[PDB]
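Student: Structure in structure tokens, see below.
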Amino acid sequence: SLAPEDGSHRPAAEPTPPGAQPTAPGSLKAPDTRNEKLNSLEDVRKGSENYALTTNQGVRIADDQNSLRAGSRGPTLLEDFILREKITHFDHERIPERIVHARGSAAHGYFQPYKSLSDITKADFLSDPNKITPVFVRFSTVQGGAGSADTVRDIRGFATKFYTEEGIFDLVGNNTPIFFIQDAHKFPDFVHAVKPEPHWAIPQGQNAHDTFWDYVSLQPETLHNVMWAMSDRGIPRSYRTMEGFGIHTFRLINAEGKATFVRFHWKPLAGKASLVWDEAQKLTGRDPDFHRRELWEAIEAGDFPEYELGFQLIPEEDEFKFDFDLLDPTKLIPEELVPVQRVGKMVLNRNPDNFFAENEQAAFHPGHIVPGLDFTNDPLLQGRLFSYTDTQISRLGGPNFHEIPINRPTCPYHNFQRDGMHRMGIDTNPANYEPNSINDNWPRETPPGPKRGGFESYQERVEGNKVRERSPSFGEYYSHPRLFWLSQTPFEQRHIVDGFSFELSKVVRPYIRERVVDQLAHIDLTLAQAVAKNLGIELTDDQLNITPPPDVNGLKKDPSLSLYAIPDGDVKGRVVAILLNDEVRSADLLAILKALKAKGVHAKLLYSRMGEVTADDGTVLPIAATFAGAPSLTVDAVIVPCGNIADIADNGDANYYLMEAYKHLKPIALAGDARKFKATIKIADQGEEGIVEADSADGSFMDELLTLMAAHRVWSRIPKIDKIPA
Amino acid sequence: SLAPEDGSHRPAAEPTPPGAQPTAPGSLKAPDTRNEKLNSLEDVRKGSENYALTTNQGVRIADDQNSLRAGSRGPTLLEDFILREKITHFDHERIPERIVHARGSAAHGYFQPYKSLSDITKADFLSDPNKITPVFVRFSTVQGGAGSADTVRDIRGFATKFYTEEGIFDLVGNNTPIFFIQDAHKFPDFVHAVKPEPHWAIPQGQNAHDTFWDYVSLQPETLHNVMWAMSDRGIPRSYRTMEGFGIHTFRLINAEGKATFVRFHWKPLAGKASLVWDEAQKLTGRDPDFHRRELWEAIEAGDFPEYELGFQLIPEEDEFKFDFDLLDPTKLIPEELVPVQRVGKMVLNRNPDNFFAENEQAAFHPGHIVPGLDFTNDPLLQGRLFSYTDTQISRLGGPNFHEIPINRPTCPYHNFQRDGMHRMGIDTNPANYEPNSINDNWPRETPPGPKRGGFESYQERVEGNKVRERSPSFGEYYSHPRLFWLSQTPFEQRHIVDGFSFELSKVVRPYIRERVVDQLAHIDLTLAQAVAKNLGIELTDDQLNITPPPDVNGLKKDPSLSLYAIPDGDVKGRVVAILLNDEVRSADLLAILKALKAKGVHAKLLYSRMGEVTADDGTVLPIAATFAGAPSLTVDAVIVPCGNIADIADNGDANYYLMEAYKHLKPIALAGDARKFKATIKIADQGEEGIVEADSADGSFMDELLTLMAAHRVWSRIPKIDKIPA
Amino acid sequence: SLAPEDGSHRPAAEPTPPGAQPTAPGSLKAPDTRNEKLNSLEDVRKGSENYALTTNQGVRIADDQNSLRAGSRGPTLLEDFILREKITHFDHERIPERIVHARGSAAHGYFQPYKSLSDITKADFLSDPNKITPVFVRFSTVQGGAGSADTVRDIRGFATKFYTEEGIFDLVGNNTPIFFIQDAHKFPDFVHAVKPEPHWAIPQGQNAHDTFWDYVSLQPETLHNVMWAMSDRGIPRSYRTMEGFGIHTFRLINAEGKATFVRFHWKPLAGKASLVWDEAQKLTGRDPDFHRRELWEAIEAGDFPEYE
Amino acid sequence: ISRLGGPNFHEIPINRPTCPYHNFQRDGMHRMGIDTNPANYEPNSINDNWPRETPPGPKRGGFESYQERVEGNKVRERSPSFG
Ligand code: HDD
Ligand code: HDD
Ligand code: HDD
């Protein structure tokens with residue numbers, strides 16, 4: 001037996017904070033967390049303890065350490081079927097990654113509505129506040145491969161599979177309310193442009209290259225989502241702290257046959273929070289798995305990710321009332337014009353058991369709708385309906401991808417489809433066609449109706465000639481980017497300017513930079529000038545005279561477009577670094593930990609080596625990581641307790657930890673002699689907002705620290721950070 | 001409702017004779033038949049009665065008769081996800097067929113040994129006469145595609161999957177005791193030669209072409225199996241009436257580690273029985289699915305195929321005691337030298353539910369052995385071990401083919417292998433490697449032992465240089481073909497001559513026919529001359545003087561090599577055509593059927609049209625088929641009762657029916673005025689052996705017919721048949 | 001050398017009647033028959049005479065008769081890359097057959113118009129009677145597998161790939177002028193009904209079974225093509241002696257943008273001819289490759305299949 | 001066979017030998033080479049046995065494995081020399 005005597009190999013099957021235990025498969029970490037979908041997977045879950053090691057054919061293996069050979073230094077024999085089986089399975093482990101959103105992290109959970117929606121939709125999963133729908137959610141980046149980093153600048157995917165009693169509904173959205181392009185025909189052009197360039201396959205996880213900015217400069221329809229991507233929305237703090245949007249206008253259909261246009265929203269109950277670019281970029285090197293880790297850990301802690309589903313609803317007769325087209329996926333519907341109605345709440349409360357089996361193989365597709373929903377003519381949505389069925393044939397090996405356990409409906413499914421590679425279902429129906437008399441026509445079509453009815457499309461009127469033509473109503477490109485711009489706070493606007501400036505500086509062909517700046521001059525001259533200045537470009541007189549686009553139905557701003565303008569801070573689940581010394585004042589630590597615990601904020605104890613340090617009263621303190629092994633990038637705030645400060649005062653890593661946290665606008669709190677660190681970050685004696693300081697870590701010290709953490713970052717420190725060499 | 005009111009759409013769920021009921025899926029036909037494998041497939045069985053028609057996502061379909069279009073004469077819309085799911089699944093229904101043995105028919109059953117064989121093998125499925133092992137058996141041809149015909153001349157496959165408590169054991173045999181080639185390296189050559197020629201892909205299901213005989217003429221090692229293939233062995237009457245052989249010498253390993261050499265045998269308990277060539281050929285056109293049908297129908301009738309497993313056993317110290325090499329797969333072990341020891345019984349007692357899911361997807365592989373068996377150095381076996389794992393990666397879509405339900409072990413299987421296309425099992429093991437401490441090293445290796453132990457190879461001595469060399473001991477090609485020839489009856493010899501003669505007639509390049517005749521001169525000059533003559537070839541003086549090969553260890557014949565030398569007829573499950581007239585004598589019919597029922601022989605009632613006829617006494621006789629629709633090819637004998645014989649006396653089809661049966665040596669019985677039909681087949685007034693005749697269909701009229709049926713065909717008739725124009 | 005002294009192994013590279021010579025690959029049989037498409041395949045045609053036997057990696061093989069083994073009666077060694085490459089390629093030879101029309105026989109040829117059609121179509125291949133368009137035609141049955149018999153009673157497929165100067169045009173037709181069903185949504189139902197039944201996979205190449213007639217009895221729209229299949233149309237004598245049809249109304253469009261409705265037809269210059277049922281069925285047993293053989297041999301003889 | 005889709009990965013252009021390659025292997029997914037050999041097997045008379053095996057020799061000969069002596073029992077055992 002190889003496990004240590006003390007059982008420390010095995011994580012407690014209780015919720016634990018990040019770092020307290022090794023992470024573990026969901027069914028072993030939280031065996032009592034159940035929902036209908038998780039239970040239905042039980043047929044295929046395979047354990048291991050107490051079982052003999054076998055081939056795939058069930059033959060017990062005596063010696064899994066050696067190939068069969070003729071003498072112990074001789075050649076390997078072809079009759080070694082144990083070796084070849086094991087090697088063959090290994091040799092064929094990989095499947096094709098997703099064409100886009102290959103990098104993503106998933107969890108199980110459940111959803112339920114706040115109130116019946118049967119007045120506007122007959123969808124069963126929205127019909128009853130006490131009917132729970134299992135869900136499986138995958139969050140993702142867009143451009144990079146499955147082994148790329150999490151904290152890149154990109155759009156994020158937010159895909160939700162609802163295993164309803166009337167079929168799978170997949171709501172396949174992103175973290176911004178519009179897309180870069182109008183018609184699915186251009187998707188491969190756009191994606192080829194954003195992806196690594198085809199000669200050398202560079203760069204990974206980055207829009208900062210010529211082809212992407214070339215396409216942008218030539219396709220101003222992209223400018224709206226480009227603005228969102230260049231803002232801090234492009235670098236979320238966590239999948240828990242971003243919005244999700246279905247982007248397209250869909251339809252809701254009630255039992256009376258009435259259609260209402262809807263756009264879908266997820267509101268993060270943990271609040272909206274993003275990183276800053278220097279931090280996000282360096283975090284792709286220090287921990288390329290930061291978002292994956294953080295989501296998995298939040299769930300093991302009990303800090304379940306929660307989202308509120310919301311609908312913008314527009315009656316059918318109001319289709320043409322806005323000064324943008326509701327079917328144009330590059331246009332958003334301002335919440336100032338159409339409020340988001342809250343619809344229900346989704347809680348993600350268990351991680352998967354096997355990433356490959358459940359995450360990699362999950363197939364989400366926006367064509368998977370249920371009665372009570374329907375599509376519209378959105379020309380991007382229309383082409384998506386073709387892609388997500390078609391792509392699984394190579395990705396998942398064939399047309400039986402719905403039989404892969406994660407994908408299976410929990411409701412009944414019966415039909416006359418047969419065969420296909422890796423067919424699991426053994427059909428006993430004498431008939432494989434309909435109409436049939438030999439099985440009395442079963443399974444049977446079901447008329448549409450109020451509940452449990454067959455699917456019928458809404459009978460929308462279609463009147464037009466067969467054309468390949470963009471609707472003229474889609475031909476407006478600048479007003480929504482401007483509305484976005486004007487709705488950001490001054491610091492968010494600076495971050496946008498810095499995002500464009502950084503990205504365009506990596507574009508080798510200078511005319512491409514110029515052409516993008518010219519597009520910026522059509523949105524906002526202040527933005528265009530600020531970017532131009534960073535690129536050493538001077539706007540021409542004509543560019544300076546470009547008339548700014550019109551307001552969006554009278555709006556000069558909409559604060560819901562900003563991450564930060566309206567506070568919605570939630571510290572629960574956030575994490576603080578506590579920089580230890582070899583003689584910690586235990587009275588400081590006790591007060592620190594008590595206040596953090598009261599607000600559900602986690603701590604990591606850091607030192608210049610691993611092992612333990614002993615505090616002033618004999619308490620043995622285990623060290624989670626070194627200053628260098630768990631950098632300030634990975635925490636929300638830094639606290640330094642008193643004690644033997646001379647131990648760490650001249651440690652370069654400890655000093656840098658504070659300089660890096662300071663530059664990235666994080667709250668820092670310094671107790672007792674830790675106040676000596678004020679010098680490294682140039683804080684004046686009288687102190688400064690964003691640095692908490694006191695003789696000791698009392699209740700007052702922690703309240704203030706906790707208040708700053710609720711506001712996420714110390715924006716008012718931005719003018720002070722260009723001086724700092726960090 | 002589309003089913004008829006009287007419920008006649010639904011086959012009776014009880015044993016019925018062939019043709020009495022429509023055929024049905026095995027679990028609907030025989031719900032009460034069970035074994036441990038059939039029980040374990042229950043989780044994937046899908047019903048159909050009383051369920052709604054859905055998409056694969058569980059969405060109820062309202063209209064499964066139309067596409068979604070813009071207006072009822074308008075274009076189809078891309079948003080029709082119900083149409084595209086359904087067409088996509090249809091578009092990807094097919095998977096590659098097997099490289100060889102693509103054509104095959106399969107049934108579930110069970111095996112039981114007669115007694116424990118623990119003194120000679122530790123194999124668990126042979127350890128206890130009470131231990132019953134589920135099986136799945138697939139029988140097949142070799143050459144033709146999945147859509148080729150059953151009653152071709154070819155070798156047959158007889159593949160058995162034993163679902164043992166210690167793993168899957170696949171016994172992958174043929175119906176002749178040798179193979180055509182010695183070393184696996186030549187398999188693609190031989191198989192390319194026998195297969196349709198690569199320019200034009202002709203001929204299907206036939207060795208009667210130039211490239212096959214070219215190869216054979218250049219590779220005399222193939223002559224042994226060619227003799228079998230050219231005999232009536234190449235055209236079995238039924239998969240129930242052929243022998244099976246593992247071909248190779250394998251090893252049994254007992255609990256003390258002692259190795260015994262073994263060759264595997266299957267003895268058909270329904271006896272040995274073949275067609276004649278003209279019958280077999282025509283039958284590929286009248287019913288290309290005859291063996292598949294016959295197998296399914298035997299099982300639905302309760303005429304379950306039964307086979308006895310037997311072992312020829314040779315002590316290790318006897319390896320070199322014979323004139324041929326035990327490892328040479330072109331050599332048989334005469335039963336006169338090493339008898340077949342009976343081991344156990346196998347009964348196939350349930351048809352599959354879905355042919356594709358269970359039969360097409362089944363993967364058999366002779367490397368799938370269990371503790372208590374091991375391989376030898378037979379260099380054809382040796383290369384087989386590589387192929388049957390390899391081929392599944394394309395054929396079945398990847399390395400998880402063991403998770404396709406029909407292939408799954410019923411015993412436990414646990415290991416560290418992960419991922420791969422269409423992965424079903426969701427592993428919860430924190431470790432995916434060993435050795436590991438984080439799961440205490442589970443699943444763990446198991447030392448070899450008397451039972452329930454790990455697989456260890458037998459420590460055979462290997463000594464020699466790395467060579468691509470054939471063993472000189474394999475370089476004798478004629479003595480076995482000669483023993484086979486001399487062991488055949490004179491009519492079986494005639495049929496061999498005529499098999500070579502017909503096949504060689506289809507070889508377009510005359511020099512190939514001559515080179516084959518030259519090879520036959522090395523085996524037996526009588527055989528060679530008879531073939532030569534049918535080809536217009538004259539043997540040279542040299543050829544006439546070739547010394548015949550030596551006998552095999554003193555044997556100048558072994559009658560176990562003959563199909564018919566030793567009668568072993570069983571009539572149960574055979575079929576008789578009864579040719580009706582419009583006024584049948586009912587006393588004749590009652591007597592016929594009563595005698596047939598007593599012996600388990602089935603009957604089909606034929607006429608010139610469908611519907612019914614009424615017998616002299618008013619009895620209504622249902623007609624199964626017309627004379628033309630169910631030709632004599634498909635039955636084992638023909639009886640014509642009295643009645644209004646004038647009604648059919650001038651019917652070409654009815655006359656021909658008798659001529660065809662007469663030509664193919666089948667028993668024919670004629671009662672009262674049905675004796676008029678003697679003219680059509682030119683029978684003397686005093687009658688002849690093989691034609692039963694009498695005033696009325698009893699006393700001993702049925703005993704005599706039933707006695708002819710036990711002898712299978714009327715061999716004495718052979719000189720009489722060249723006369724008849726049929 | 002294994003060939004016979006008198007060279008009778010090699011068929012003459014000149015047209016010869018059926019059975020006179022062994023049949024051969026088309027470029028060895030008729031080396032001077034050329035068209036643009038046939039010439040464009042020259043980069044991928046591989047010969048054989050006078051070349052050494054190699055692996056796929058170009059390594060010359062000394063002994064293509066034996067695996068590598070420890071002793072001449074010993075076990076086969078994993079390091080035998082020659083054997084494993086050869087057996088790997090063999091083990092993966094097959095690809096999925098077509099879902100329908102899996103059984104079919106194909107030939108190269110050419111098309112030429114009788115006159116310019118630019119009044120009714122701007123299609124480039126129809127613009128000038130001197131425009132020669134290479135074609136590749138595959139004839140087929142519908143129901144049976146790639147390995148089933150040719151002279152079954154079935155509809156026949158007649159597919160022509162036109163390699164035009166402005167794109168490939170595939171005219172994918174059958175030998176009757178209608179289809180069994182009205183709407184593509186029902187194609188998997190019709191095809192499952194006609195194909196071998198799912199419990200036992202019987203029968204091959206035949207509509208003569210319960211599920212086919214069940215569907216037909218419940219879907220009267222099928223009756224028209226059913227009538228054609230039940231006539232001697234369902235049993236052609238030869239792919240050379242049957243009609244072809246596109247079935248659908250399509251449109252021609254001319255340079256002015258005017259649309260004309262068109263249905264396509266192929267008229268066989270060898271005339272129309274079919275077997276009788278008893279002969280056809282029996283022929284599926286005596287020569288299940290009869291139509292494939294007869295097409296190949298007509299072309300080798302110079303009886304070129306011609307269609308208008 | 002999975003990564004590159006089948007047994008014809010050698011016909012993907014980067015992977016192709018620049019020297020001659022001829023054999024009796026046929027078919028497989030994505031088959032590019034169109035073989036004109038009347039024979040797809042050896043030994044064959046119908047194409048005078050071409051392409052032909054080549055004896056090993058000093059230059060341009062067939063591959064033959066070094067005849068290293070093998071001696072021992074069939075074992076799954078690590079050599080003690082590796083320990
Ligand atoms: C016509 C092509 C096409 C277009 C126009 C879109 N996508 Fe898409 N999307 C795909 C074709 C596709 C795909 C190729 O089918 C993917 C990759 C593999 C897969 O399973 O689906 C995919 C994956 C994918 C995923 C990952 C799902 C998962 O986690 O497995 C998300 C979140 C989105 N997409 C979201 C969007 C949004 C919000 C779009 C515009 C509003 C959008 N896609 C446009
Ligand atoms: C080295 C390659 C090789 C050689 C020398 C053999 N075979 Fe084989 N055999 C295969 C390679 C193979 C295969 C390519 O792996 C097949 C085709 C598809 C499959 O799953 O296995 C196969 C299938 C196959 C089947 C069909 C199993 C089923 O019904 O699915 C049978 C009965 C046999 N073989 C029997 C034999 C016997 C008795 C042989 C000589 C003693 C033999 N094979 C030599
Ligand atoms: C909705 C599906 C569907 C429908 C309604 C049809 N087919 Fe089809 N057809 C196919 C789906 C298909 C296919 C599944 O896509 C095939 C099978 C394999 C392939 O490559 O294409 C095919 C093959 C195929 C072939 C063989 C081409 C070849 O030789 O490779 C012919 C001649 C036709 N079809 C002709 C027709 C005609 C004349 C139809 C009715 C007017 C028809 N098909 C309806």
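Letters for chains follow the order of the structure tokens (A, B, ...), residue numbers begin at 1 for each chain, and ligand numbers begin at 1 in the order shown.
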Any idea what's packed within 10 Å of residue A:554, counting only C-alpha atoms, ignoring anything in its chain fewer than 3 positions away? Could you give it as a ChimeraX atom specification?

Tutor: /A:323,337,550-551,557

Student: Give me a file of those residues, with N, CA, C and O atoms, as a CSV table (one decimal), in the first residue's frame.

Tutor:
chain,number,residue,atom,x,y,z
A,323,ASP,N,-34.2,52.7,-33.3
A,323,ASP,CA,-33.5,53.2,-34.5
A,323,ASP,C,-32.4,52.3,-35.0
A,323,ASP,O,-31.6,52.6,-35.9
A,337,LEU,N,-33.9,51.6,-22.5
A,337,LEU,CA,-35.1,51.5,-23.4
A,337,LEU,C,-36.0,50.3,-23.0
A,337,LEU,O,-37.2,50.4,-23.1
A,550,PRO,N,-25.2,59.6,-34.5
A,550,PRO,CA,-26.4,60.0,-33.6
A,550,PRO,C,-26.4,59.2,-32.3
A,550,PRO,O,-25.9,58.1,-32.2
A,551,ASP,N,-27.2,59.8,-31.3
A,551,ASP,CA,-27.5,59.1,-30.1
A,551,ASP,C,-28.4,57.9,-30.4
A,551,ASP,O,-29.0,57.9,-31.5
A,557,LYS,N,-26.1,58.1,-22.7
A,557,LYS,CA,-25.4,57.1,-21.9
A,557,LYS,C,-26.3,56.1,-21.4
A,557,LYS,O,-27.5,56.3,-21.3

Student: Could you list, as a ChimeraX atom specification, every residue of chain A that has an atom within 10 Å of an atom of chain C, counting only C-alpha atoms?

Tutor: /A:69-70,74-80,84,416-419,427-438

Student: Between C:54, C:8, C:249, C:274, which residue has the minimum interatomic distance to chain D, considering only C-alpha atoms?

Tutor: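 So, comparing all the options, the nearest one is C:54.
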
Student: Within 6 Å of stretch 512-517 of chain B, counting only C-alpha atoms, which residues show up once you throw out same-chain ones fewer than 3 positions away? Write them as a ChimeraX atom specification, please.

Tutor: /B:214,217,504,509,520,528

Student: Taking only C-alpha atoms and all ligand atoms into account, which residues are within 7 Å of ligand 2, as a PyMOL selection string?

Tutor: (chain B and resi 98-101+104+138-140+157-159+172-174+178-179+184+187+246-248+329+362-365+380-381+383-384+386-388+391-392) or (chain C and resi 87+91)

Student: Contacts of residue D:25 at 12 Å or less, counting only C-alpha atoms, minus same-chain residues fewer than 2 places along, as a PyMOL selection string?

Tutor: (chain B and resi 186-189+191-192+198) or (chain C and resi 53-56+82-83+85-93) or (chain D and resi 7-8+21-23+27-28+31+33-35+37+39-42+51)

Student: Please dump the current selection as a compact mmCIF listing (two decimals), in the first residue's frame; keep C-alpha atoms.

Tutor:
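So the final result, stored in selection.txt, reads:
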# COMPACT_ATOMS: atom_id res chain seq x y z
CA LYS B 186 1.04 -12.75 -46.54
CA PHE B 187 -2.55 -12.14 -45.42
CA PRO B 188 -3.10 -8.91 -47.42
CA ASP B 189 -1.68 -10.68 -50.50
CA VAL B 191 -6.91 -11.62 -49.34
CA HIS B 192 -6.26 -9.19 -52.20
CA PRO B 198 -8.98 -4.06 -58.13
CA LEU C 53 8.65 -3.36 -53.73
CA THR C 54 8.81 -0.85 -50.88
CA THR C 55 7.15 0.19 -47.66
CA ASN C 56 4.98 3.40 -47.88
CA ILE C 82 7.35 -3.91 -42.48
CA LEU C 83 4.71 -6.39 -41.34
CA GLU C 85 2.71 -1.21 -41.88
CA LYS C 86 1.39 -3.74 -44.39
CA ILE C 87 -1.20 -5.19 -41.93
CA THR C 88 -2.16 -1.67 -40.68
CA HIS C 89 -2.95 -0.52 -44.19
CA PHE C 90 -4.90 -3.71 -44.82
CA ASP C 91 -6.80 -3.37 -41.49
CA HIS C 92 -8.03 0.03 -42.55
CA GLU C 93 -8.90 -0.48 -46.21
CA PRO D 7 -3.52 4.53 -43.26
CA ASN D 8 -2.77 6.92 -46.21
CA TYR D 21 7.49 3.95 -53.41
CA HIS D 22 5.53 1.04 -54.92
CA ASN D 23 3.68 -1.87 -53.23
CA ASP D 27 -7.58 1.71 -50.57
CA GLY D 28 -8.02 3.28 -47.06
CA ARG D 31 -6.60 7.32 -51.00
CA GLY D 33 -2.59 7.24 -55.51
CA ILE D 34 -4.38 5.60 -58.37
CA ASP D 35 -2.75 2.22 -58.88
CA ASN D 37 -0.96 -2.43 -61.46
CA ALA D 39 -2.04 -7.10 -59.56
CA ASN D 40 -2.65 -6.03 -55.98
CA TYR D 41 -0.85 -9.12 -54.47
CA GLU D 42 2.40 -11.01 -54.79
CA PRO D 51 6.94 -4.45 -58.01

Student: Using only C-alpha atoms and a distance of at most 6 Å, pull out the residues of chain D that contact chain B, as a list in words.

Tutor: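 Taking only C-alpha atoms into account, residues 41, 42, 67, 68, 69, 70, 71, 72, 73 and 74 of chain D sit within 6 Å of chain B.
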
Student: Check stretch 64-131 of chain C with DSSP on the backbone and list each residue it calls helix (DSSP H, G or I), as a list in words.

Tutor: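 Of stretch 64-131 of chain C, only residues 81, 82, 83, 84, 85, 86, 87, 88, 89, 90, 91, 124, 125 and 126 of chain C fall in helix (DSSP H, G or I).
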
Student: To one decimal in Å, tell me the separation between atom CA of residue A:560 and atom CA of residue A:496.

Tutor: 16.9 Å

Student: Counting only C-alpha atoms and all ligand atoms, which residue out of B:630, B:117, B:83, B:155 sits closest to ligand 3?

Tutor: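 Among the listed residues, the smallest separation from ligand 3 belongs to B:83.
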
Student: Step by step, measure atom-to-atom distances between ligand 3 and each residue using only C-alpha atoms and all ligand atoms, keep those at most 6 Å, then write them as a CSV table (one decimal) with N, CA and C atoms, in the first residue's frame.

Tutor:
chain,number,residue,atom,x,y,z
B,91,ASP,N,-27.7,10.4,-43.0
B,91,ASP,CA,-26.5,10.6,-43.8
B,91,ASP,C,-25.2,10.0,-43.2
C,98,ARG,N,-21.9,4.1,-49.4
C,98,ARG,CA,-23.0,5.2,-49.5
C,98,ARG,C,-24.2,4.7,-48.8
C,99,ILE,N,-25.0,5.6,-48.2
C,99,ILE,CA,-26.2,5.2,-47.4
C,99,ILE,C,-27.1,4.6,-48.4
C,100,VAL,N,-27.3,5.1,-49.6
C,100,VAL,CA,-28.1,4.5,-50.6
C,100,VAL,C,-27.3,4.6,-51.9
C,101,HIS,N,-27.7,3.7,-52.8
C,101,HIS,CA,-26.9,3.6,-54.1
C,101,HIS,C,-25.5,3.1,-53.8
C,138,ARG,N,-21.6,7.3,-62.8
C,138,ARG,CA,-21.7,6.1,-62.0
C,138,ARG,C,-23.2,5.7,-62.1
C,139,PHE,N,-23.4,4.5,-62.5
C,139,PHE,CA,-24.7,4.0,-62.5
C,139,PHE,C,-24.9,3.1,-61.2
C,140,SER,N,-26.1,2.9,-60.7
C,140,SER,CA,-26.2,2.2,-59.5
C,140,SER,C,-27.6,1.5,-59.3
C,157,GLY,N,-29.8,4.4,-60.2
C,157,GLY,CA,-29.2,5.8,-60.2
C,157,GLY,C,-28.4,5.9,-61.5
C,158,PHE,N,-28.3,7.2,-61.9
C,158,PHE,CA,-27.6,7.6,-63.1
C,158,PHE,C,-27.0,9.0,-62.8
C,159,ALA,N,-25.8,9.0,-62.3
C,159,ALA,CA,-25.1,10.2,-61.8
C,159,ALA,C,-24.0,10.6,-62.8
C,172,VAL,N,-27.6,14.4,-60.9
C,172,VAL,CA,-27.7,13.2,-60.1
C,172,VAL,C,-29.1,12.7,-60.2
C,173,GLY,N,-29.3,11.7,-61.1
C,173,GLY,CA,-30.6,11.3,-61.6
C,173,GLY,C,-30.9,9.8,-61.3
C,174,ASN,N,-32.0,9.3,-61.7
C,174,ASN,CA,-32.4,7.9,-61.7
C,174,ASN,C,-33.0,7.5,-63.0
C,179,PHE,N,-39.9,10.4,-58.3
C,179,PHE,CA,-39.4,9.7,-57.2
C,179,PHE,C,-40.6,9.1,-56.3
C,184,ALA,N,-38.4,15.7,-48.8
C,184,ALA,CA,-37.1,15.2,-48.2
C,184,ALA,C,-37.2,14.8,-46.8
C,187,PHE,N,-37.5,11.1,-46.4
C,187,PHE,CA,-36.5,10.2,-47.1
C,187,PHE,C,-36.0,9.1,-46.1
C,246,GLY,N,-33.4,13.6,-64.4
C,246,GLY,CA,-33.1,14.4,-63.2
C,246,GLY,C,-34.3,14.5,-62.2
C,247,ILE,N,-35.5,14.1,-62.6
C,247,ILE,CA,-36.7,14.1,-61.9
C,247,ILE,C,-37.2,15.5,-61.5

Student: Atom CA of residue A:524 and atom CA of residue A:495, how far apart in Å?

Tutor: 15.2 Å

Student: With only C-alpha atoms as the counted atoms, please give the residues lying no more than 8 Å from residue C:170, apart from itself and same-chain residues fewer than 5 positions off, as a compact mmCIF listing (two decimals) with N, CA, C and O atoms, in the first residue's frame.

Tutor:
# COMPACT_ATOMS: atom_id res chain seq x y z
N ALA C 159 -25.79 9.03 -62.29
CA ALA C 159 -25.12 10.24 -61.84
C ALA C 159 -24.00 10.61 -62.79
O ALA C 159 -23.16 9.74 -63.13
N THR C 160 -23.97 11.88 -63.21
CA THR C 160 -22.96 12.36 -64.18
C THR C 160 -22.28 13.57 -63.55
O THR C 160 -22.98 14.50 -63.13
N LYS C 161 -20.94 13.50 -63.41
CA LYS C 161 -20.15 14.63 -62.96
C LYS C 161 -19.56 15.27 -64.21
O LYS C 161 -18.80 14.61 -64.91
N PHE C 162 -19.94 16.53 -64.49
CA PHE C 162 -19.47 17.30 -65.62
C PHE C 162 -18.37 18.16 -65.12
O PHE C 162 -18.58 18.99 -64.19

Student: Might you pull out every residue within 8 Å of residue A:625, with only C-alpha atoms counted and same-chain residues fewer than 4 positions away left off, and present them as a list in words?

Tutor: residues 604, 605, 606, 607, 609, 610, 629 and 630 of chain A
